[PDB]
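Read off the chains here:
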Number of protein chains: 2
Amino acid sequence: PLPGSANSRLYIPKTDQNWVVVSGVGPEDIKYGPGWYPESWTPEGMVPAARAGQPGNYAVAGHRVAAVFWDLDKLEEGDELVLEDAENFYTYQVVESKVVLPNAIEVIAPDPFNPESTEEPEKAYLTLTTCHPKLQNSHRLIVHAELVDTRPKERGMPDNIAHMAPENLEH
Amino acid sequence: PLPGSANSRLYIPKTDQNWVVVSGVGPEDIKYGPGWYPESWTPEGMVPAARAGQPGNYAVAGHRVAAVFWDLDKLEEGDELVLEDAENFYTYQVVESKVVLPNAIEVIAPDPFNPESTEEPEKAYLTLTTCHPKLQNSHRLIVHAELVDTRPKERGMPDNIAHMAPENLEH
Ligand SMILES: [Cl-]
Ligand SMILES: [Cl-]
Ligand code: NA
Ligand code: NA
Ligand code: NA
């Protein structure tokens, strides 16, 4: 440790894109690609967010730009998103695409479908957020997806993303 | 919001260096510069870390490399570090430089001088962490500094860092 943190990768077969997901959603964090919201919203205050694959809501912000989330509007219910940590590929399936106002901070609650809850989450979600409409920032386009598969990396890379090679996740 | 986070800048007059500090201390977070540990260690588990200037321990990891923390060993008690958020320049003064083992996670506790505490911190620290010795990772070089001044940015940039211009913190 010091530091002991890992990063994740995100793959989207539908748009044929993938990124390393950095931590944080500040301007410098997401300048070049998507970032993970380190905290989830609850009525009682902000709490540490789910790590990749874990119960809660792993939420990712990315700019509405060519190399990042321009095409998030193309995702439909059923579509697969894969989140990779050091150990596993986690396959999530899109359950909802919606448009919200920028103050709908509910969408990054541990359970975005029960944001007023104060109990521990039991379901693992992935949430993608970007600016909406295209060439505006009046709103946010939100994609929520639910964990459907956990594949240990020992078993190799899922076929749907096997062509998505790195150039170069843990220290 | 969505996202509503900000980033910070870190200035070190002694070595004449400055960076935008990103969120997170994963390999992708700190590939090109220093990053903020999003969570502080406590005996009862990880808790959200201090934001810039705030009670707790704002801790920053940086590689022991030329453009980042190579020269952290040159810092001495009394030396100034400035942390900038959207509103203020926060001047911390180095109180301790030490070498620890890699698993000394205590150094990122909200009060690194009383890591077993389970109380709310009252003092604002800044901690820098890097690999030690040079060209090794057997140890970590730790600099802890304590908040001595909060200057609203409306008053202009302190003389000691006024020459340290950006090329280009909030969304
Ligand atoms: Cl549009
Ligand atoms: Cl050395
Ligand atoms: Na990224
Ligand atoms: Na980051
Ligand atoms: Na940085």
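Definitions and cut-offs
- Note on numbering: every chain is counted from 1 along its sequence as written, possibly out of step with the entry's scheme, and residues lacking coordinates are dropped from view.
- As a convention, the first chain written is A and the first ligand written is 1, with the rest following in written order.
- Here the side-chain values reflect all heavy atoms present in the structure, with hydrogen atoms and water set aside.
- In this description, contact between two residues means that some pair of their heavy atoms is separated by no more than 4.5 Å.
- Values labelled buried area give the accessible surface lost by two parts on being combined, using a 1.4 Å probe and summing over both.
- For this document, the term salt bridge refers to a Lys or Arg side-chain nitrogen within 4 Å of an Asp or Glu carboxyl oxygen.
- For this analysis, a polar contact is any N or O atom pair within 3.5 Å, provided that within protein one partner can donate a hydrogen and the other can accept it, and provided that sequence-adjacent residues contribute only side-chain to side-chain pairs.
- Only DSSP runs of H or I reaching four residues or more are called helices, and only runs of E reaching two or more are called strands; each is numbered from the N terminus.
- For this classification, the nonpolar set comprises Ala, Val, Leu, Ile, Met, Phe, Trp, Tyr, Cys and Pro, the charged set comprises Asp, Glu, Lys and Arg, and every other residue, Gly included, is treated as polar.
- Here the copies are fitted together by least squares on their C-alpha atoms.
- In this description, a donor is an N, O or S atom within 2.8 Å of the metal centre, a cutoff extended to 3.2 Å for sodium, potassium and calcium. Water is not part of the atom list, which can make sites seem incomplete.
- Relative accessibility thresholds used throughout: buried, under 20% of the residue-type maximum; exposed, over 50%; partly exposed, between the two (1.4 Å probe, protein chains only).
- UniProt positions are given in the numbering used here, feature names are shortened, and annotations may be inferred rather than shown by experiment.
- Following DSSP output, two strands are said to pair if at least two bridges run between them.
- A cavity here means a set of 1 Å grid points, computed over protein atoms only, where a 1.4 Å probe fits but cannot escape. A pocket is an open set with protein on both sides within 12 Å along at least 5 of 7 lines, and lining residues have an atom within 4 Å of a point.
- Grid points are joined across faces, edges and corners, and a volume is the space filled by probe spheres set on the points.

Visitor: Mind showing me how you'd approach the interface of chain A and chain B here?
Guide: How big an interface is tends to be reported as the loss of accessible area on association of its parts. Listed per partner, the contact involves 37 residues of chain A and 37 residues of chain B. Both sides together, the interface formed by chain A and chain B hides about 2600 Å², and carbon and sulfur atoms give 62% of it. Here chain A and chain B share two salt bridges between them. Ionic pairing is found between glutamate 39 of chain B and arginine 51 of chain A, a salt bridge with its closest N-O pair at 2.6 Å. Taken together, the connections running from chain A to chain B amount to 14 residue pairs in polar contact. The biggest single contributor to the side of chain A that touches chain B is strand β2 (residues 17-23) of chain A, with three residues. In the side of chain A that touches chain B, the residues fall into 21 nonpolar, nine polar and seven charged.

Visitor: Would you mind going over the relation of the copies chain A and chain B with me for this structure?
Guide: Comparison of the two chain copies shows a relationship of rotation about an axis with a shift along it. Relative to chain B, chain A is turned by 180° and slid 0.1 Å along the rotation axis, the superposed coordinates differing by an RMSD of 0.1 Å. Given the turn and translation reported, the copies of this chain are related as if by a two-fold rotation axis. Within chain A, the C-alpha atom positioned nearest to the axis of rotation is that of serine 23 of chain A, 2.9 Å from it. When the interface residues of chain A are mapped onto chain B, 97% of them again lie at the interface, so the same face is used by both copies.

Visitor: What is the right way to read the coordination of the sodium ion (ligand 5) from this model?
Guide: By definition of the ideal shapes, a tetrahedral metal site with four donors has angles of 109.5 degrees and an octahedral site with six donors has angles of 90 or 180 degrees. Residue and element names in this part refer to chain B. Here the sodium ion (ligand 5) is held by the protein donor atoms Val20 (O) and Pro34 (O), which lie 2.5 to 2.6 Å from it. Of this pair, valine 20 sits in strand β2 (residues 17-23) while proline 34 sits in the loop between β2 and β3 (35-36), placing them 14 residues apart in sequence. On the basis of relative accessibility, which here comes to 0%, the residue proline 34 falls in the buried class.

Visitor: Before we go on, may I ask you to explain the UniProt feature "active site" (unreviewed entry) in chain A in this structure?
Guide: Residue and element names in this part refer to chain A. The residues that UniProt annotates with the feature "active site" (unreviewed entry) are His63 and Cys131. Spanning 69 residues, the named residues form one tight spatial group whose C-alpha atoms are at most 6.5 Å apart. Assignment of secondary structure puts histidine 63 in the loop between β6 (56-61) and β7 (80-84). If near-sequence neighbours (up to four positions away) are discounted, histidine 63 is found in contact with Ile30, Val68, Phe69, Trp70 and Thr130. By the secondary structure assignment, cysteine 131 is in strand β9 (residues 124-132). Ignoring any residue separated from it by four or fewer positions in sequence, one finds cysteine 131 in contact with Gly62, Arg64, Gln136, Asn137, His139 and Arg140.

Visitor: What am I meant to see in the environment of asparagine 160 of chain B here?
Guide: Residues and elements named next belong to chain B. Of note, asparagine 160 is situated in the segment after β10 (139-152). Looking at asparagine 160, the relative accessible area reads 27%, which means it is partly exposed. For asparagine 160 and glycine 78, which are 82 residues apart along the polypeptide, the C-alpha to C-alpha distance reads 14 Å. Setting aside anything within four residues of it in sequence, one finds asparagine 160 in contact with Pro13, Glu80 and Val82.

Visitor: Help me understand the sheet that holds β10 of chain B in this model?
Guide: Within a sheet, adjacent strands bond to each other through the backbone by hydrogen bonds, running parallel or antiparallel. Residues and elements named next belong to chain B. Pairing in this closed barrel of eight strands is mixed, and the strands run β1-β2-β3-β6-β9-β10-β8-β7 around the ring. Judged from the six bridges that link them, strand β6 (residues 56-61) and strand β9 (residues 124-132) form a sheet pairing that is parallel. The residue bridging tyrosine 58 from the neighbouring strand is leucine 126, located in β9.

Visitor: For this particular structure, what's the right way to read empty space enclosed by the protein?
Guide: Where empty space is left in the structure can be found by rolling a water-sized probe over the atoms. Estimated volume of the largest cavity: approximately 30 Å³. Lining the largest cavity, in full, are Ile12, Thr15, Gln17, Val68, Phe69, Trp70, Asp71, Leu72 and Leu75 of chain A.

Visitor: Sorry if this is basic, but what is going on with the coordination of the sodium ion (ligand 3) here?
Guide: For the sodium ion (ligand 3), the protein coordination sphere consists of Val20 of chain A (O) and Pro34 of chain A (O), at 2.5 to 2.6 Å. For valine 20 of chain A, a relative accessible area of 27% translates into the label partly exposed.

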